[PDB]
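> Taken in sequence, the protein lines are chains F, U, V, D, B, Z and R. Take the first sequence: its position 26, counted from the start at 1, is 26 in this note's numbering, and no numbers get skipped. Position in the second sequence (first residue = 1) + 96 = this note's numbering. Position in the third sequence (first residue = 1) + 549 = this note's numbering. Position in the fourth sequence (first residue = 1) + 596 = this note's numbering. Position in the fifth sequence (first residue = 1) + 692 = this note's numbering. Position in the sixth sequence (first residue = 1) + 788 = this note's numbering. Position in the seventh sequence (first residue = 1) + 824 = this note's numbering. Got a structure for you, written out below as structure tokens; questions coming shortly.
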Amino acid sequence: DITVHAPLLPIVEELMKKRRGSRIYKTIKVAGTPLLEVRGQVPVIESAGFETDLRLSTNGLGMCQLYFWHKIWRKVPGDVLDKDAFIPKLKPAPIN
Amino acid sequence: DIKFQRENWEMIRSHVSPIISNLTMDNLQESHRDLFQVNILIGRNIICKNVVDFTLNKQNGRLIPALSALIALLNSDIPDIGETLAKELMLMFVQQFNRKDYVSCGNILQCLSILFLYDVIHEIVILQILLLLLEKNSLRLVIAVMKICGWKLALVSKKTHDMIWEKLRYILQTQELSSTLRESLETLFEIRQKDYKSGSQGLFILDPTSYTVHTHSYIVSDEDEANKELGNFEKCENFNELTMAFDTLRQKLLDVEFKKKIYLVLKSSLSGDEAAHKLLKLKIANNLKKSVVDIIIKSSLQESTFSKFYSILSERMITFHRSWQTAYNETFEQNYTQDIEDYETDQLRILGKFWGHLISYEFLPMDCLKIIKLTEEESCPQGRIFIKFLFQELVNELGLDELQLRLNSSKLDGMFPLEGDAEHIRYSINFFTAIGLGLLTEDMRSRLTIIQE
Amino acid sequence: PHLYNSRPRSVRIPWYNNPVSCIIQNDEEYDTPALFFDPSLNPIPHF
Amino acid sequence: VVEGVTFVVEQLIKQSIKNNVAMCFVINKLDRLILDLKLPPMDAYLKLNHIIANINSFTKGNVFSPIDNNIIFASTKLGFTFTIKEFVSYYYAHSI
Amino acid sequence: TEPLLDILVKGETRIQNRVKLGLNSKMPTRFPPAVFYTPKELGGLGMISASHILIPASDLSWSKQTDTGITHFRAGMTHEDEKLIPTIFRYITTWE
Amino acid sequence: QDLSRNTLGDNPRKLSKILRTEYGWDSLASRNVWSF
Amino acid sequence: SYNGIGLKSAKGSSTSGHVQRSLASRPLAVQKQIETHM
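Take a look at the structure:
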């Protein structure tokens with residue numbers, strides 16, 4: 001759940017594109033305020049330092065909460081039994 | 097006498113009709129210039145009749161910007177057409193409004209709003225519209241006009257603009273509404289919140305060149321009605337003087353320092369990665385990239401030997417962006433085609449090793465070797481020994497197995513023929529066996545036996 | 550600092566967050582009163 | 597008041613209904629309508645209506661409104677809370 | 693060999709510092725690269741440079757563990773009179 | 789999504805009823821449940 | 825140091841410590857048992 005000033009939604013959706021697997025599902029126009037409430041998802045392994053990135057990119061005009069009370073479990077891409085998939089030593093690995 | 101004037105009216109009336117009917121944003125300039133092929137300056141109302149007919153009948157929902165630009169371009173030099181068309185559009189509106197014809201009202205306001213976005217129309221015209229709209233609660237039109245040109249009112253007439261937004265907010269907050277209208281109101285408020293200028297369907301790009309426009313003002317709340325028969329021929333006094341005015345208006349209208357810097361980047365760098373970074377940080381323009389690669393080649397050739405420094409530099413740049421890759425490709429072509437003619441044997445050794453190295457690790461595609469066409473007359477001796485050192489580097493890196501696989505894949509008919517003349521194929525075989533790559537020749541050698549017997 | 554560092558010796562805990570600022574400022578000289586519905590605000594469509 | 601009924605509030609309502617506890621709602625920080633957002637009072641009333649209607653959307657059968665004193669208005673920075681019953685008791689009951 | 697590049701930069705700096713302390717002033721702006729690297733027949737000291745390179749930089753942990761590759765560059769010797777001084781290394785044919 | 793929330797729709801007949809009904813199980817498998 | 829790159833301090837390094845990112849960087853038998861089980 002992301003609360004951000006409305007003209008800065010492009011930054012928030014750009015961040016949600018930069019992080020892997022994250023998606024935005026709904027935007028609530030918070031009535032009588034300059035804020036939007038943006039509801040989405042991000043994987044937990046991808047969630048490290050999400051709050052810090054969002055707060056810095058929005059210059060403190062945005063904030064977010066991360067929670068797991070709706071217990072969503074999702075398939076990781078690729079096959080576990082794929083013996084010869086490419087895995088880098090230091091860069092984050094490709095999707096497949 | 098008068099029949100000649102009537103014919104002069106009707107020839108315009110026929111001539112303009114494709115010039116008007118084809119109006120789309122690709123051709124507003126073309127239609128603008130073409131309309132001055134005939135004396136519209138005397139035949140003024142002809143275009144105005146077509147505009148009112150067009151807006152009423154023809155459902156031009158995405159095409160109205162081009163019309164709005166065209167009238168702006170006409171008002172730029174012959175403002176009588178603006179002066180009239182203000183009235184013509186306002187009278188079109190009030191009639192179609194009374195006929196409850198929402199679609200044509202949409203067309204007429206989409207025009208008038210863009211005509212106020214341009215400086216063709218005075219703000220009182222839009223405010224006389226907005227008066228009419230709010231006194232009959234035709235809000236869905238108010239959304240259109242406010243979206244297209246509301247910010248212009250915010251600058252020109254802020255004191256009333258606050259009252260328009262106040263009533264719209266009251267409506268959205270307090271009244272039961274159709275969901276289409278409600279969504280339109282919400283998007284309008286979003287536009288005011290985020291980027292108020294974003295209603296610009298109208299091509300404000302024309303403003304620097306169309307700067308001679310000027311606004312016209314009218315009041316439609318007086319007891320006027322549309323003079324709908326004004327499009328037909330009406331007699332003209334001072335016809336020849338006005339013709340000369342029209343014709344006169346028409347005839348009025350109708351190197352070393354860069355090389356030094358690049359060289360000093362190369363000579364300041366320990367590693368080819370450092371050299372590549374130092375060059376990529378300069379943000380060299382696309383027309384200069386080819387000259388940079390020429391400098392990299394020439395500097396590499398002034399050295400006593402080949403060096404992996406120039407390979408690494410070239411690879412890092414080739415993979416950074418596609419423009420560098422294209423530059424390197426056309427530099428390989430330029431080298432072989434033009435300037436190997438005047439390079440000595442050792443420099444050709446360096447060139448061969450350099451390009452063969454870049455080809456081995458696939459930074460240059462194997463297809464680039466198609467420029468080489470290998471016959472005694474089609475090739476030259478310097479070129480032949482260049483090919484020798486290139487293929488030698490290829491064999492040293494890849495080995496003959498991988499090399500032969502790639503050469504089979506890449507269809508290099510220019511130097512590995514099969515269907516050519518027997519002398520041609522024989523020459524290719526003699527070259528490749530002479531440089532020591534005879535095992536590659538076996539296929540075309542076998543085919544040579546077939547074509548001979 | 551205590552999550553992302555292995556040996557955070559002598560660090561001090563930072564202040565986490567403040568609620569997001571929504572202080573509207575009156576831009577205009579005279580024509581805008583003290584209390585007004587600023588253009589930045591979302592409307593209130595419920596009825 | 598500002599962010600109002602967010603998704604976190606939705607889940608808190610749902611968990612309260614699950615746990616079989618009596619809900620009561622404090623609408624806090626009313627100064628932020630007056631001083632921060634600078635809403636005129638009619639728009640502030642509409643804002644509070646939007647908030648209370650959103651509360652009622654998730655409290656399944658039970659109805660929340662101030663005249664039932666299940667809603668409390670507050671500004672805990674400026675040191676006050678009130679209900680309709682409290683205000684009429686202090687400043688109108690003596691005059692009718 | 694990055695430790696050698698670090699030692700080279702320090703050594704050239706100290707060699708220049710011997711000259712500077714001969715003139716009782718370490719101040720950079722007095723002594724541009726033209727003073728040191730101009731050849732002798734033009735009145736310079738005729739020093740040969742290896743220290744005006746960029747030094748490869750990398751994450752220390754990742755470099756201890758594996759070949760990180762050159763991800764970043766440190767500045768070597770720098771002067772406000774920014775000049776692209778050539779290196780000794782670019783004029784010696786490598787042993788291979 | 790239902791069992792994530794510790795809900796269905798531990799008595800055997802009740803459980804088998806809702807397995808047969810909402811989750812569309814065969815009666816055989818519906819009665820043959822041995823643990824969740 | 826920033827993002828794990830750079831010197832401990834510019835002091836004592838004989839450099840400015842400036843850092844910049846490098847732009848150069850037919851079925852089997854056991855299968856039939858399901859068919860039996862059906």
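We put the CB at the ideal spot given by N, CA and C, even for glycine.
Straight-line CA distance for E353 of chain U to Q398 of chain U?
Here residue 353 of chain U refers to the residue found at position 257 when the second sequence is read from its first residue. Here residue 398 of chain U refers to the residue found at position 302 when the second sequence is read from its first residue. If you take the alpha carbons of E353 of chain U and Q398 of chain U, they lie about 19 Å apart.
> Could you check what DSSP says for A689 of chain D in three-state terms: helix, strand or coil?
Sequence index remark: in the fourth sequence, residue 689 of chain D carries index 93 (1-based). Helix, per DSSP.
> So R845 of chain R is in the beta strand (DSSP E); what residue range does that whole segment cover?
Reading the seventh sequence from its first residue, position 21 is the one you call residue 845 of chain R. That run of the beta strand (DSSP E) goes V843 to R845.
> For chain B, find out if any of its Cβ atoms is closer than 8 Å to the Cβ of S833 of chain R; answer yes or no.
Walking along the seventh sequence from the start, residue 833 of chain R turns up at place 9. Cβ-Cβ to chain B under 8 Å: no for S833 of chain R.
> Rounding to the nearest angstrom, what Cα-Cα distance links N171 of chain U and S275 of chain U in this structure?
Counting from 1 along the second sequence, the entry for residue 171 of chain U is found at position 75. Counting from 1 along the second sequence, the entry for residue 275 of chain U is found at position 179. Cα to Cα, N171 of chain U sits roughly 40 Å from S275 of chain U.
> Let me confirm a value: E231 of chain U is counted as buried when at least 16 other C-beta atoms fall within 10 Å, else exposed. Which label applies?
Here residue 231 of chain U refers to the residue found at position 135 when the second sequence is read from its first residue. It counts as exposed.
> Return yes when the Cβ of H771 of chain B is within less than 8 Å of the Cβ of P725 of chain B, no when it is not.
On the fifth sequence, residue 725 of chain B is found 33 positions in, with the first residue counted as 1. On the fifth sequence, residue 771 of chain B is found 79 positions in, with the first residue counted as 1. Yes, they are a contact pair.
> Along the beta strand (DSSP E) that carries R23 of chain F, what are the first and last residues, could you check?
Here residue 23 of chain F is taken as the residue at index 23 of the first sequence, counted from 1. Segment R23 to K29, the beta strand (DSSP E) holding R23 of chain F.
> Exposed or buried, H842 of chain R, counting other C-beta atoms within 10 Å across all chains shown (16 or more means buried)?
Locating residue 842 of chain R in the seventh sequence gives position 18, where the first residue counts as 1. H842 of chain R should be labelled exposed.
> Do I651 of chain D and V597 of chain D have their C-beta atoms closer together than 8 Å?
Position 55 of the fourth sequence, counted from the first residue, corresponds to residue 651 of chain D. Position 1 of the fourth sequence, counted from the first residue, corresponds to residue 597 of chain D. In this structure, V597 of chain D does not lie closer than 8 Å to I651 of chain D by Cβ.
> Tell me, please, whether the segment 270–285 of chain U touches the segment 311–318 of chain U by the rule of three or more beta-carbon pairs shorter than 8 Å.
No, the segment 270–285 of chain U does not touch the segment 311–318 of chain U.
> Could you pull out every residue in the same chain whose Cβ sits closer than 8 Å to the Cβ of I858 of chain R, ignoring the five residues on either side in sequence?
Position 34 of the seventh sequence, counting from 1, holds the residue named residue 858 of chain R. Excluding residues within five positions, none has a Cβ falling inside 8 Å.
> Need the endpoints of the beta strand (DSSP E) that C144 of chain U sits in, please.
Walking along the second sequence from the start, residue 144 of chain U turns up at place 48. From DSSP, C144 of chain U is part of no beta strand (DSSP E) but of the alpha helix (DSSP H) over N141 to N153.
> Starting from the beta carbon of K89 of chain F, find every residue of chain B whose beta carbon is closer than 7 Å, and list them in chain order.
Working through the first sequence from its first residue, we reach residue 89 of chain F at position 89. Result: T758.
> Secondary structure at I547 of chain U, three-state DSSP: helix, strand or coil?
Within the second sequence, the letter at position 451 stands for residue 547 of chain U. DSSP places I547 of chain U in helix when its eight states are reduced to three.
> Does the structure place the segment 471–489 of chain U close enough to the segment 432–445 of chain U that three or more beta carbon pairs sit under 8 Å?
Yes, they touch.
> Pull up the distance between the alpha-carbon of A834 of chain R and that of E458 of chain U, whole angstroms please.
Residue 834 of chain R sits at position 10 when you count from the first residue of the seventh sequence. Residue 458 of chain U sits at position 362 when you count from the first residue of the second sequence. Approximately 41 Å between the Cα atoms of the pair.
> What does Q41 of chain F pair with, by DSSP beta-bridge criteria?
Here residue 41 of chain F refers to the residue found at position 41 when the first sequence is read from its first residue. Beta-bridge pairing links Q41 of chain F to F:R23.
> Does the beta-carbon distance from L629 of chain D to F586 of chain V come in below 8 Å?
Here residue 629 of chain D refers to the residue found at position 33 when the fourth sequence is read from its first residue. Here residue 586 of chain V refers to the residue found at position 37 when the third sequence is read from its first residue. Cβ atoms of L629 of chain D and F586 of chain V: not closer than 8 Å.
> Which of the three DSSP states, helix, strand or coil, is assigned to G157 of chain U?
Reading the second sequence from its first residue, position 61 is the one you call residue 157 of chain U. Three-state result, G157 of chain U: coil.
> Can you grab the Cα-Cα spacing for the pair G510 of chain U / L54 of chain F, in whole Å?
Here the question's residue 510 of chain U lines up with position 414 in the second sequence. Here the question's residue 54 of chain F lines up with position 54 in the first sequence. Near 58 Å, if we compare the C-alpha coordinates of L54 of chain F and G510 of chain U.
> Indicate the three-state DSSP secondary structure (helix, strand or coil) for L460 of chain U in the structure shown.
Counted from its first residue, the second sequence places residue 460 of chain U at position 364. Correct three-state label for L460 of chain U: coil.
> Using only alpha-carbon positions, find the residue among U:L486, U:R543 and U:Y307 that is nearest to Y432 of chain U.
The residue you call residue 432 of chain U lines up with position 336 of the second sequence. Selected option, being the one with the closest Cα: U:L486.
> Got a sec? Which residues, its chain only, sit under 6 Å from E37 of chain F by beta carbon, not counting five neighbours each side?
As a working mapping, residue 37 of chain F is identified with position 37 in the first sequence. Here the set comprises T3, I28 and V30.
> Which first and last residues belong to the beta strand (DSSP E) in which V821 of chain Z is found?
Position 33 of the sixth sequence, counted from the first residue, corresponds to residue 821 of chain Z. Counting along the chain, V821 of chain Z falls outside any beta strand (DSSP E), and DSSP gives it neither H nor E.
> Straight-line CA distance for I160 of chain U to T256 of chain U?
On the second sequence, position 64 is the one that residue 160 of chain U refers to. On the second sequence, position 160 is the one that residue 256 of chain U refers to. Between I160 of chain U and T256 of chain U, the C-alpha separation is close to 27 Å.
> With burial defined as no fewer than 16 other Cβ atoms inside 10 Å of the residue's Cβ, what is the status of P34 of chain F: buried or exposed?
As a first step, residue 34 of chain F is located in the first sequence; it is residue number 34 there, counting from the start. So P34 of chain F ends up on the buried side.
> May I ask you to report which of helix, strand or coil DSSP gives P637 of chain D?
Looking up residue 637 of chain D in the fourth sequence gives position 41. Note: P637 of chain D maps to helix in three-state DSSP.
> Can you list the residues of chain B that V361 of chain U reaches, using a CB-CB cut of under 8 Å?
Walking along the second sequence from the start, residue 361 of chain U turns up at place 265. Correct list: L776.
> Could you tell me which chain V residues have their CB closer than 9 Å to the CB of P34 of chain F, listed as they occur along the chain?
Numbered from 1 along the first sequence, position 34 holds the residue referred to as residue 34 of chain F. Result: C571, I573, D587, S589, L590 and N591.
> Is the CB-CB distance between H128 of chain U and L166 of chain U below 8 Å?
Reading the second sequence from its first residue, position 32 is the one you call residue 128 of chain U. Reading the second sequence from its first residue, position 70 is the one you call residue 166 of chain U. Going by C-beta atoms, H128 of chain U is nearer than 8 Å to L166 of chain U.
> Leaving out five residues on either side along the sequence, give the residues of the same chain with a beta carbon under 8 Å from the beta carbon of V388 of chain U.
The sequence position of residue 388 of chain U within the second sequence is 292, counting from 1. Excluding residues within five positions, the ones whose Cβ falls inside 8 Å are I358, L375, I380 and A423.
> According to DSSP, simplified to helix, strand and coil, what is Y826 of chain R?
Within the seventh sequence, numbered from 1, the residue matching residue 826 of chain R stands at position 2. Strand at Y826 of chain R.
> Quickly, what does DSSP pair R766 of chain B with across the bridge? List them, please.
As a working mapping, residue 766 of chain B is identified with position 74 in the fifth sequence. For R766 of chain B, which the question treats as bridged, DSSP gives the partners B:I747 and R:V843.
> With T427 of chain U as the anchor, note down where its alpha helix (DSSP H) starts and where it stops.
Stepping through the second sequence from its first residue, residue 427 of chain U is reached at position 331. Start and end: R418 to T433.
> Which residue or residues does DSSP assign as beta-bridge partners of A670 of chain D?
By 1-based counting over the fourth sequence, the position of residue 670 of chain D is 74. Per DSSP, D:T677.
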